[PDB]
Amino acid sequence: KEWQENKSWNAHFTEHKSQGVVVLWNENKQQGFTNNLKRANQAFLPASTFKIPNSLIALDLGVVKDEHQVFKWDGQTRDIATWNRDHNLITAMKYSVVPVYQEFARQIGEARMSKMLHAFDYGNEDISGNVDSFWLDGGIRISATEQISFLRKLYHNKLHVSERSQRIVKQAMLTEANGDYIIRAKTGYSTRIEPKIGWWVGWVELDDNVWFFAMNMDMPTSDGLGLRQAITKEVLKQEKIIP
């Protein structure tokens, strides 16, 4: 079977009074696994997971020259302390620094942004709303399975931007690495529009396979943000993908 539903994962959500979906894709076997086929295909605002396409576009157009170029803090004090400082592409993705990315989006502009998202086959391809906030409160919507589709293209250097742009963004996605696995991923937290959700999308590299993943979960308060990674890792552990 190409898609298997595994309701046993639901226990990882219920143990925290949570609801959500984990989608896994076994690249070598070309098979998918999820606790909820319907929610796997439900499309939501990408929030900070949009930094993946945003970064690729910015690099390919030369808005970002490389991963060292520094984006000076604009001096406005924001509620997230790590945003109140200078950043490069690596640290901007690590601390999800929206204001840096909003500047990239303004410099890309609506025509190039729209064209590029069409070329990437990204979600519903709709950038309606403010050019610099549409991924937080505009028309764009992507599901977990569509996040996987997009990430598999990035993994294989098959998106319609240069190989270099793809390699730099994969470098910026680096989240965790040890002797057992590498995780390249990006978190999101959508709060402007209901329903409020957390995301974690990315992949696990093993010695001889890659497992892509995309999860989202209801997120009524920020109390639960750690569960985005913790529930995903419980699933990976259950499936014997990681120790």
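Note that residue numbering follows the sequence shown and begins at 1.
Enquirer: Which is higher on average in the deposited entry, the C-alpha temperature factors of 66-74 or of 48-56?
Expert: Mean B over CA atoms: larger for 66-74.
Enquirer: On mean Cα temperature factor in this entry, is 104-112 or 139-147 the higher one?
Expert: That would be 104-112.
Enquirer: Quick one: which of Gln171, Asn157, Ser133, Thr82 shows the highest Cα temperature factor in the PDB entry?
Expert: Answer for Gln171, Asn157, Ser133, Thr82: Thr82, with the highest C-alpha B-factor.
Enquirer: Please place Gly198 in the lowest, middle or highest third of its chain according to the CA B-factor in the PDB entry.
Expert: Middle third, going by the recorded CA B-factors of the chain.
Enquirer: Among the chain's modelled residues, which third holds the C-alpha B-factor of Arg39?
Expert: For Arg39, whose C-alpha B-factor we compare with every modelled residue in the chain, the answer is the middle third.
Enquirer: Quick check on the deposited entry: does the C-alpha B-factor of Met215 sit in the lowest, middle or highest third of its chain?
Expert: Answer is middle: the recorded C-alpha B-factor places it there.
Enquirer: Hey, what third does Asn178 fall into on Cα B-factor, ranked over its chain?
Expert: Tercile = middle for this residue's CA B-factor.
Enquirer: Looking at the entry's B-factor column for C-alpha atoms only, identify whether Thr191 ranks in the lowest, middle or highest third of its chain.
Expert: Its C-alpha B-factor, which the entry lists for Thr191, ranks in the highest third among residues of this chain.
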